[PDB]
């Protein structure tokens, strides 16, 4: 099969009247549908339940954006049966056929981009460009994995020949697994985590984050329309740990693909290591578990450029990114000039209902707000609050862009993932100390350096121990294909998304010799 070379889906900036008009139209359609109910999707059909889940607007939490069905263990077992039944034949599809199915799904998603963006705006409080980046990335994952999967097609393995024999090695999919998706990229990462394993012959049971069940269902409408055979992909929104735990611990779950908090990732990995009664394999678990990401700026940097990149990195989607700059490490000569610019830029950021395209919408839920406010309280004892640090007026979960300075490297706010608009500024003597401070956390996801000194940049290339490192630019928004995404240390298992290597994680190899 021959398609155009992969390119990334353009991220809409809404600079044209037509773009703005199209968004307003999408926002109107989506809100007119706030009354909709979305069932489970199991074995190729929408399956409702007696109990339901409610999805709220974080910019107006008294407003319901939709309701969904609620899976328990029984529906989890039904989905598992459907997934294994589907696997028996889905595994035998030619790779070209599976890749075409994905390409169809990408084309349908592209055609519904505005509707999906507008759903992210209302359901998770993304502003317009954050919303567009999320959906574009989801399209990218489907387009990239469709093509990348062909690189593994029968028989892909390079082997040494032997006289009088055919020696053939080839990959085969694992089976049925469970995807446990995050709320902060509930189209992009939700889609990527499902379609990567599915592209090469696996089948998947997907549990959306509670906060983003509506947009998850809409992605499944796309899967349904694309025509994935029954049981290949399944959708199980649920409350609390019931569904996820049942599947993670199940003897017949073959793999687990997880993105979310370290607390939960650690439990998943530990459970994956155990042989459940009657289990007949070693479970694979892929976890991406967040970061405490730093930007270093030294005295040679373009300070204006640095301040812009820090502000985008720290406060983009309200700092609710595993990639967010939550630490700003400044050498002596960079401290005053950089901090002053960061403060001036940050104090101008607007915060309000996401649909108005503010610089920041609200945090995602009452629980997120509680967590972020609690860390702000901790931060008041550990550093010097110099900007924000409070809830803003309205029922929406609006929190001001927050900055603490003179933060000790080993402070709780300098070590623990806050996942909100809170930046900790750390002052260091020189570049060597900046690297030491950058490295001394349990995590290793993203990092950045602003500097004009080549020796400092190339030193960081070698020694700033993070999976995704960026020089003289923002540290968020890794692009599929361009920047393989995934970390070191307690940021997870280094499963690089948007990379050729990702699909190998969902395959095993068979070696077959015939002696003639």
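Throughout, rigid core stands for the largest set of C-alpha atoms superposing within 1.5 Å between the two forms. Positions refer to the first chain, counted from 1.
A fit on the rigid core, followed by a root mean square over CA positions in 6 other deposited structures of this protein, ranks 356 to 364 against 231 to 239 and picks 231 to 239 as the more shifted one.
Two stretches, 459 to 467 and 35 to 43, are weighed by how far their CA atoms sit from the shown form in 6 other deposited structures of this protein after rigid core superposition; the farther one is 35 to 43. Of the two segments examined, 141 to 149 and 363 to 371, it is 363 to 371 that shows the higher average Cα temperature factor in the deposited entry. Per the PDB record, of the two stretches 297 to 305 and 97 to 105, 297 to 305 carries the greater mean B-factor over its C-alpha atoms. Between the residues 165, 347, 134, 158, the entry's highest C-alpha temperature factor is the one at 347. In the PDB entry, the Cα temperature factor peaks, among 125, 173, 265, 401, at 401.
The PDB entry assigns residue 9 a C-alpha temperature factor belonging to the middle third of its chain's modelled residues. Ranked within its chain, residue 49 lands in the highest third, by CA B factor from the PDB record. When the modelled residues of the chain are ordered by their C-alpha B factor, residue 209 lands in the middle third. In this PDB entry, the Cα temperature factor of residue 67 sits in the top third of its chain's modelled residues, the highest group. Among all modelled residues in this chain, the alpha-carbon of residue 431 has a temperature factor (C-alpha) in the highest third.
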